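Observations on the model geometry
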Amino acid sequence: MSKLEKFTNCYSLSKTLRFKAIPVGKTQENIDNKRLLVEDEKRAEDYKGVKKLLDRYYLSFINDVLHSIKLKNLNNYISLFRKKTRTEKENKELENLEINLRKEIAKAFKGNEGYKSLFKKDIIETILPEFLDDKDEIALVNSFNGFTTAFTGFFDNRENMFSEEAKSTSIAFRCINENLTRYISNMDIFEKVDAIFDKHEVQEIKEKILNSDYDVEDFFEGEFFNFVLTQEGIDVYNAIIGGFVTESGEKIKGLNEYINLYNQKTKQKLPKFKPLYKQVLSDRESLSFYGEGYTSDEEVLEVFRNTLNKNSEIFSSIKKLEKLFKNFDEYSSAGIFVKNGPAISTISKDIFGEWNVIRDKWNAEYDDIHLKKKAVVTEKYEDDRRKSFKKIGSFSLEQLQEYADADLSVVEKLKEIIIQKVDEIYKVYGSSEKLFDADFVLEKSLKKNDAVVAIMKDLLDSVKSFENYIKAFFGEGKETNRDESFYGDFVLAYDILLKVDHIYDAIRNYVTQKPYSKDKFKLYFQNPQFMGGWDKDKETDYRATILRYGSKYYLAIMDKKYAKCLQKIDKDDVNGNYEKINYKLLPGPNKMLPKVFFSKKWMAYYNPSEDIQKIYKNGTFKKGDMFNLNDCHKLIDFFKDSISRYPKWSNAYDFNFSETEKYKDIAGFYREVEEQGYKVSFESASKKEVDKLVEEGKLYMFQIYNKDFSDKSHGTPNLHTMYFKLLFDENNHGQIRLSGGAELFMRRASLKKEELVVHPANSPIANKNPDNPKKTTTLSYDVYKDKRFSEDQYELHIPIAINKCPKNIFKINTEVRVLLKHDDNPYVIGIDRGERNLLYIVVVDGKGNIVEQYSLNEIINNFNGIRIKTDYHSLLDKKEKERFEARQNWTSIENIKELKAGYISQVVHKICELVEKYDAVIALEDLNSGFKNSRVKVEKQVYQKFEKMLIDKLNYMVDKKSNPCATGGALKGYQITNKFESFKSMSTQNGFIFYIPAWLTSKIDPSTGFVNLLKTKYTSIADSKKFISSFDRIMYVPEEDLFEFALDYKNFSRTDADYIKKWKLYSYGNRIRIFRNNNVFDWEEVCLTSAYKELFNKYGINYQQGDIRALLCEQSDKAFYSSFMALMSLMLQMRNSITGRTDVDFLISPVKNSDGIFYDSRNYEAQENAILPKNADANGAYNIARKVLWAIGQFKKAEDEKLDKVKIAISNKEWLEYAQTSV
RNA sequence: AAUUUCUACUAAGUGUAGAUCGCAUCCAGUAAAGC
DNA sequence: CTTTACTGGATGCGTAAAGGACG
DNA sequence: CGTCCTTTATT
Ligand SMILES: [Li+]
Ligand SMILES: [Li+]
Ligand SMILES: [Li+]
């Protein structure tokens, strides 16, 4: 109640409502007969074409400056960029260059005298008719002579490219903010990593790529940046890091690939280079050579038959390649060699049926020489054999034959395998023989034809495996004796079998591309600015306006021939009438007031004093050093008077302006003009005459519609349906505004009506919810799946503006802090991410007490005593593998983003219900860019989506049950998050949302606050002795069958964070440890007390004998100390989880609380209403909430002027003192 | 298994509950197969 | 390195009346 | 000379 009511009418945001439009009467008939849709359909294809040529001219104009630009003082900026210590005044110096570098580039585009005419009608009527050289491209631009204003929104998309500000679409942004920092950051890495590069390695990149035209060290110089400003230069720059592939097909390595190889052999971490992003609008042709994909279905076939049939050389290559293996014995068994790699364990199996025998046979050879009888199997001898067994490049056929135990002979069993593999290829041809015939004609498009592709995929994979098998027989020699009589034939065939590798590529890239589909196309009705705005004065100009016949709204469109048809209509007293809109709007007071009252047309009529004309030009009314109060007043009084003399403004609106002596800035005056400048009203217009204007075809008319508008619906409306009703409701005092810019699309059907999945009428359908007690619905009418796509649909996109005039103006992050300082029992919601639970909620009160905790793997809703629980976590898993296995098999890739978004809508609702009920703030994890990456297949892309749709919902929060006119309803929705502009603008707090660090959120004891600040990984014998002696005591407690480890953290290093210091550890409980190598489980449950006893017996230790600290240090053997750490590590292994297993994810603590009992999360997961976390996941969210409860505690001390100075970001040291004092 | 549209439904009969910012442009990211 | 897919973040607009060109 | 398309103006 109390907190939420304050946040209404806070800021201005826009949304868009969408509606199926349905033609009224003869409207569609006259539309078809006048071919209006086909002209817009043909236009929307031509409009994408004219835009392509327009990009051609922009890119040319773009590169005229970027080729010849040289940046002033680029070096001087770069030095400041890599400064190790910048001061806050020195900090300000770097910006002004960076601001001027964008200014230097941005003005260089504008500096051309042809800049301004790139975004006016001249570019289509004049400039592009000159630049273009095609006779057809010249004609597609003439057809658009009428329509240049239809490009206005496209010209806006192009002036952003020439912006000077830090805007993501600006070219100046790309070159300086993005390319430079990446280039300069690479500049620092090269100096650090110059060491590893061989002089030939430097030259090989120079030889292959740079052509010795410049050296590699040249690029990382400051003054060579001007090369990479263009896309053409970047491709060369990105090549140094990435490399490229020549025409000759050699994979040249790049500096980033070399850094990895050094790091993989020496196990160090040197950073890799960042490639540079492309430049705006570049038509970038890649440098690496590739064979172009097939244009059409017919090509793919004609390649597939000709290249793969029996006659084709590729099959002939198999037909000869087998002959060599059948003739294998004839050639020297020392002249043929099997290459060495990891793929040779498979080879050992294909002969004698076992993988590791070829490895194990050779390991007996390397051992006997290099195994002196003392060792027998030291780690070095076992490990060194791994070094030798991959260094070997190949194996002689005779060297393999020696390994095998008789009778088996490699060459005879090699002759066995290959006949089998050529036959399996022969078998796929048997199934696929129909594809090859000259006659055969395809039933369905290749992408719609899963049956024909699986046939191609089967023949291609059967040919791919035989080749991929044979490739290992090359041996990369480089070999002393090669039975070159054999290999010469072998190379002749295999190089021709290598031709499939391009075909497997190109075909995969054709078959797997999404099928052709017809996008919806905007309707214009022969007007470039059709339906731009709703103002009644413009109704003739735009030619579309809204009508109302009770509970149904229509969209009327007046044909070009009859622009003023609806204006001559008057009320009919007796017969039926429509309600016709009388929309009136005054957009942009700051722009519209000077435009009209300083215009040439009215500059004479209003004679503004000589003072005025200088006041506006000198900008004395604007706030700043220029601002004068009385000067601004003179503009306000001038604008006030001239509006009163203005007829179409004064009459249309009812204007109340507070005394000019009361305004503090010109913004205050424009705001009232903006606020009082909008009026929506209706008039009466005869139904019989309007309907006559439809049948005549002078007026087209569609009904605005969604399913809530049906006369068969008795259910709660869609949230957007409410907004639409409110726009014209008389109780909407400007909260929601009908804005201009609507569009009307035509989406032709994409499915056939008869073919759809139909549940036949009067035949019982089965219900899928196992809780629904009615398992059958017998309907008297058909249910077509996706019926909305089986017929042509009209689309109407109506933008609205919510709170265009914000009354309540204050800082939201501050007002949240003010009310948390004064809430006696404030509530906090805790939301925790995971891979075992997608989202987990924990709700706590002002004292840290748990009221609610449940996982959100499954969404539960009840309606009218009907429960339904949907396992959205299962749906995301099955749909994920329905794309993985779809990607492998070339099949269709299912969409999952809708599913994820559909999941969030149920979650987004549940938090808002929780926020409404408990009046609770929200607590999320502080994640920067890095944490998005995950080791295993990730749904945490759901988490990033969870934020967006949550923040968006809180931006205007509505409950569809509250009365719209009441607070929290449709007209007065809550706004409890700062307006969403970008993810990068965010701070630690966003209104009710707090992004809090996750350190020590999970691996902490909720019962006591205990944490593992110990490092236990094994370093040496000596450190373990210093380890043990630090403890206050190590003892055996026999009456409890536990070991007790009392310690003071102050004796250990890097333990400053903990508050209590004095902790007594225990071996209580069981832990989980992962193996390092059949067996039932890949993990085991170690019993701690039953393992300390174990360890203390192996080295003859009297653990019973009082304190054991001196006793354990007595030992002199490494195996005792290296094993002790594992026992030590498990005691502190608070969180025990196992991958992929439902049962295991529990938190167990080694400390006794105030009542002497350990925290086992399992002793809670059984409870329904637990008072502590049930699992390591809920423990996270619980602490995430408490981290904020600490932040609320900070707010309780400070004073209302200074809450902005309160920092919500917890220090690691304050949090431990709080988790241990709270209990 | 209907939907402005998405998700889950059939919810008592052409639908139910929740959510839904469109349009255009620039850019990037992930997965997969081949090399 | 490439190619295909699907997916998402950051920008602009969400306008009437002046302006001009045109038959 | 009225009509339809193009430009414009910045709290
Ligand atoms: Li509804
Ligand atoms: Li995926
Ligand atoms: Li179904």
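Residues numbered from 1 in each chain as written, not as in the entry; some residues may be left out. Chains lettered and ligands numbered in written order. Heavy atoms only, no water. Residues with missing side-chain atoms left out of burial classes, pairs and counts.

1. Observations concerning the overall build of chain A
Within chain A, the secondary structure is distributed over 43 helices and 33 strands. In terms of overall dimensions, chain A has a C-alpha envelope of 115 × 85 × 80 Å along the principal axes. (Helix = DSSP H or I, 4+ residues; strand = E, 2+ residues; numbered from the N terminus.)

2. Quick word on the environment of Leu53
By the secondary structure assignment, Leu53 is in helix α3 (residues 36–68). Here the alpha-carbon distance between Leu53 and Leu128, two residues 75 residues apart in the chain, equals 8.3 Å. Ignoring sequence-local partners within four residues, the contact set of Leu53 consists of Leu128, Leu132, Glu137 and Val141. (Contact = heavy atoms within 4.5 Å.)

3. Details of the protein's contact with RNA strand B
Looking at RNA strand B, there are 72 residues lining it, with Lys464, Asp505, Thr716, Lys774 and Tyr781 nearest. For RNA strand B, the fraction of protein-proximal atoms (within 4 Å) that sit in sugar or phosphate groups is 72%. In the model, a phosphate oxygen of RNA strand B is placed 3.3 Å from a nitrogen or oxygen of the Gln279 main chain. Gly715 is positioned such that a nitrogen or oxygen atom in its backbone is 3.1 Å from a phosphate oxygen of RNA strand B. No other element matches the six residues that strand β1 (residues 13–23) contributes to the surface near RNA strand B. Residues belonging to the surface near RNA strand B are distributed by class as follows: 21 nonpolar, 25 polar and 26 charged. (Near = heavy atom within 4 Å. Polar contact = N/O pair within 3.5 Å; in protein donor to acceptor, adjacent residues only side chain to side chain. Nonpolar A, V, L, I, M, F, W, Y, C, P; charged D, E, K, R; others polar.)

4. Quick notes on the sheet that holds strand β25 (residues 989–990)
Read across the sheet, six strands follow the order β21-β20-β19-β24-β26-β25 without closing on themselves; strand pairing throughout is mixed. Where the open sheet ends on each side, the last strands, each with one partner, are β21 (850–855) and β25. Here four bridges tie strand β19 (residues 827–833) to strand β24 (residues 920–925), and the two strands are oriented parallel to one another. The residue bridging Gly830 from the neighbouring strand is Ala923, located in β24. Lying over the sheet, helix α35 (residues 897–918) contacts β19, β20 (839–844), β21 and β24, oriented at roughly 5° with respect to β20. Along the sheet, helix α42 (residues 1176–1197) contacts β19, β20, β21, β24 and β26 (993–996); its crossing angle with β19, the most-contacted strand, is approximately 140°. (Pairing = 2+ DSSP bridges. Axes fitted to C-alpha atoms, helices over the stretch in contact; angles between N-to-C directions.)

5. Let's talk about a positive patch on the surface
Judged by side-chain charge, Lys319, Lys320, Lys323 and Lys326 come together as a positively charged surface patch. With respect to the element layout, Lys326 can be found in helix α15 (residues 313–326). (Patch = residues over 30% accessible without salt bridge, like charges linked within 9 Å, V, L, I, M, F, W, Y side chains within 5 Å. Areas by Shrake-Rupley, 256 points an atom, 1.4 Å probe, with all protein chains shown as cover. Salt bridge = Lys/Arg side-chain N within 4 Å of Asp/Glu carboxyl O. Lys, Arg positive; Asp, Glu negative; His and termini not counted. Charge placed at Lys NZ, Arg CZ, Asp CG, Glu CD.)

6. Overview of unusual backbone geometry
Note that the residue after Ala406, namely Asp407, is joined by a cis bond; omega there is 10°. Topologically, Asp407 is positioned in the loop between α19 (397–403) and α20 (410–436). Omega for the peptide link from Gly477 to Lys478 comes to 0°, which places this bond in the cis form. Within the element layout of this structure, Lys478 appears in the loop between α21 (450–470) and α22 (484–497).

7. Side note on the pattern of salt bridges
Applying the stated criterion to the full structure yields 49 salt bridges. For the salt bridge of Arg482 with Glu479, the shortest nitrogen-to-oxygen distance reads 2.2 Å. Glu479 sits in the buried class, given a relative accessible area of 15%. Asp537 serves as the salt-bridge partner of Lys584, at 2.3 Å between the closest nitrogen and oxygen. Of this pair, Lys584 sits in strand β8 (residues 584–585) while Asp537 is found in the loop between β4 (521–522) and α24 (539–542), placing the two residues 47 residues apart along the sequence. For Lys584, a relative accessible area of 9% translates into the label buried. (Buried < 20%, exposed > 50% of the residue type's maximum accessible area, 1.4 Å probe, protein only.)

8. Things to note about the protein's contact with DNA strand C
Taken together, the neighbourhood of DNA strand C is formed by 49 residues, with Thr16, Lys167, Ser286, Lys538 and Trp602 sitting nearest. Here the atoms of DNA strand C within 4 Å of the protein split so that 82% fall in sugar or phosphate, with bases taking the remainder. A distance of 3.1 Å is found between a sugar or linking oxygen of DNA strand C and a side-chain nitrogen or oxygen belonging to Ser288. One nitrogen or oxygen atom from the main chain of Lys600 is found 3.1 Å from a phosphate oxygen belonging to DNA strand C. When contributions to the surface near DNA strand C are tallied by element, the ones reaching two or more residues are α8 (152–159), α23 (500–511), α25 (589–597), α26 (600–603), α29 (647–650), α34 (872–888) and α36 (941–955). Taken together, the residues that form the surface near DNA strand C break down as 14 nonpolar, 18 polar and 17 charged.

9. Focus: the UniProt feature "binding site: Mg(2+)" (unreviewed entry) in chain A
UniProt tags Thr716 as "binding site: Mg(2+)" (unreviewed entry). Tracing the backbone shows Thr716 in the loop between β11 (699–705) and α32 (719–728). Excluding residues that lie within four positions of it along the chain, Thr716 makes contacts with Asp708 and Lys961. At 3.5 Å, the side chain of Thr716 forms a polar contact with the side chain of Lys961. (UniProt positions renumbered as here; feature names shortened; annotations may be inferred.)

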